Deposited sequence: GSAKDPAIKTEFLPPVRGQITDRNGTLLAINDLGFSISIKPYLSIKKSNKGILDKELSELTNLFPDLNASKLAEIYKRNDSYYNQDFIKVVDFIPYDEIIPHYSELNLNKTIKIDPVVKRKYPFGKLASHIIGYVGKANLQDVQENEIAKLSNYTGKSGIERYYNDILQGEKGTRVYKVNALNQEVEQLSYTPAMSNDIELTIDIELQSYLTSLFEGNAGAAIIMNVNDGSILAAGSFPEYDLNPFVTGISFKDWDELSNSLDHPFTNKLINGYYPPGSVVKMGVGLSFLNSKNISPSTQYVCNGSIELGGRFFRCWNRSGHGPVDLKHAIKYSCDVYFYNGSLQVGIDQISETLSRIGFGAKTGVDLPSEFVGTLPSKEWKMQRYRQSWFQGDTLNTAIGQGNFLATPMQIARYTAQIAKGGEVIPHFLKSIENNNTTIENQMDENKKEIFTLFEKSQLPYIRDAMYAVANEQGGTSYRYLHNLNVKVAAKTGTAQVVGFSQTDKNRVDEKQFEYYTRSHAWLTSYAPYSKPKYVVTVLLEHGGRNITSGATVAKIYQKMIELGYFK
């Protein structure tokens, strides 16, 4: 008839941090458009030059040169609308001069919304960016048809359905010339805001600790999984992604040996190294052949079937029991131990504390890495399993690959004694309704043996000559820890071309793990740091010492 109804898409929701600070907003602004025909018709000579000079005088950030250029490309006889020129001017920079532009009948000003992340680089891998709607995203969500913004990475991607909101509907009456005569009904679109667990103040501190370095970091509550901070480094500025990437922006994204475009936390995987010993050590204790105080002698190596497996301490550790084999990170103890225990036992135990398995985290496309096993080797390599492999695997090396997020889940679970799933989603504070919003993983015996593991972890950080004693032994929170190291085996012929000869050294220095938890007495937090190549101006332990010191300054242990 002449009753017609249109659909109104809502303003995409805002994203805040645990204490309310705004991480993704819709900046309000205006587009300036020019009346047509000012270069196509001889009558109006010099007309666009005039109204632009008044404009340039009003906002000098605008360049009258290029602006009249984009104009005459759109000024045509075939088109009779207004010719959009300025895409976006901030509301606050315009609303003084409003009435003068509105009442000017050569400039037409319309409101526009620009997605803006006020913290730029900070948290770029969690938050994410938005982008133009997808050809198959229109098949899935009809609200992106009307919007053309959809989440393309991060929370934005993961929680896109919640951030879209429901649409709104407006009914009106037309007539015989098709005109807005009477509005009939009108249900408005609604949108929701979400609050993450991160704290932007702590997120910032990580970024400046890591400034110049690379790697990953996670601060996570051990009781419920709430990620209080988490970074991949280096991070990128999000805002240039809403507007669109440049030809030049793509290069420095693809030819950069620090890989800032990649979420190392859950898309980067690395050899766990010595930090699996807590878990490998847990697999030992149910043998009757190994006990908390069984000793193996480390002469800096052992020999097996003609091949030599070294300890990292060429001059040998001596006799050690499990506690001190962890404390000093003796490889040789786990070599001997693993031989006793067998690979099946280590693998089974290692998979339950969360290796080679998604941590369950609410970011898109979490990688699982590689937890090696006889079954695994057989499909991936068409080769049987050799005691050599048990040995490499026992001390977190070989083909063993883990993501920083997995380490943190694992650390946390050792400290809690039970399941710990990491999450960023604190609450959904949808306008006029903030809505917010179990499998055992240790055996009954394995839980009885966990105090031994935790005492070893304490030693690593407070007893003289623990691999982390230098830095963690004088904190105002008693910390437990375990160190790890992953060496790099190869250096691609390309990556060499992308750097200069002097820096080759750095790019082959082994990686640094330090996972920790505090307070040893009543565990609350996990701090997992991974410095790519041991860092350029930070060190693993010093970073963790400072990350704990900042958390005390912010009362997160009060």
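Student: Give me the ranges of the deposited sequence that have no CA atoms here, in sequence order.
Tutor: Counting from residue 1, the stretches without coordinates are 1 to 5, 443 to 447.
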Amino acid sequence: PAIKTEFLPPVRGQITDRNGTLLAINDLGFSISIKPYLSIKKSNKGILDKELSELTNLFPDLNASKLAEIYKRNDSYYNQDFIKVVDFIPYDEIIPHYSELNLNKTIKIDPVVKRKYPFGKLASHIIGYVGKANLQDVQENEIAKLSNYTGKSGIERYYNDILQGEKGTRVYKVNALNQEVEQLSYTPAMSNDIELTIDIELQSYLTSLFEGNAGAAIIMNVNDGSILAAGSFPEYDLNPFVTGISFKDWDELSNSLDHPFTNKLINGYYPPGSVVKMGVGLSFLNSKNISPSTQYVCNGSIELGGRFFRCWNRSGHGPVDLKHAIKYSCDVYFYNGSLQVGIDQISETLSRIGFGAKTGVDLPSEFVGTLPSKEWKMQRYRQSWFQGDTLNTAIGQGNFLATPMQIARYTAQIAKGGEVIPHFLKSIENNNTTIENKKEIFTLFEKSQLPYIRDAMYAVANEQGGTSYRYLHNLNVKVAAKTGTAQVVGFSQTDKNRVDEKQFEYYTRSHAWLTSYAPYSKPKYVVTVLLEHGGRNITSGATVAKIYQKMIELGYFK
From here on, numbers count along this sequence of modelled residues.
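Student: Can you let me know which of the two, 345 to 353 or 243 to 251, has the higher average C-alpha B-factor in the entry?
Tutor: Comparing 345 to 353 with 243 to 251, the higher mean C-alpha B-factor belongs to 243 to 251.
Student: Using only the Cα atoms and their B-factors as the entry lists them, report which of 261 to 269 and 98 to 106 averages higher.
Tutor: The recorded data point to 98 to 106.
Student: Among 303, 321, 362, 429, where is the Cα temperature factor highest, going by the PDB entry?
Tutor: When the deposited C-alpha B-factors of 303, 321, 362, 429 are compared, 429 is largest.
Student: Highest Cα B-factor in the deposition, which of 313, 286, 329, 387?
Tutor: Of the candidates given, the C-alpha B-factor peaks at 286.
Student: Could you place residue 513 in the lowest, middle or highest third of its chain by Cα temperature factor, using the values in the record?
Tutor: It belongs to the lowest third of the chain when residues are ordered by C-alpha B-factor.
Student: When the modelled residues of the chain are sorted by Cα temperature factor, does residue 335 land in the lowest, middle or highest third?
Tutor: Answer is lowest: the recorded C-alpha B-factor places it there.
Student: Quick one: classify residue 55 as lowest, middle or highest third of the chain based on its Cα B-factor.
Tutor: Tercile = highest for this residue's CA B-factor.
Student: Comparing residue 528 with the other modelled residues of its chain, is its CA B-factor in the lowest, middle or highest third?
Tutor: According to the entry, residue 528 has a C-alpha B-factor in the chain's lowest third.
Student: Going by the entry, which third of its chain does the Cα temperature factor of residue 452 land in?
Tutor: Middle third, going by the recorded CA B-factors of the chain.
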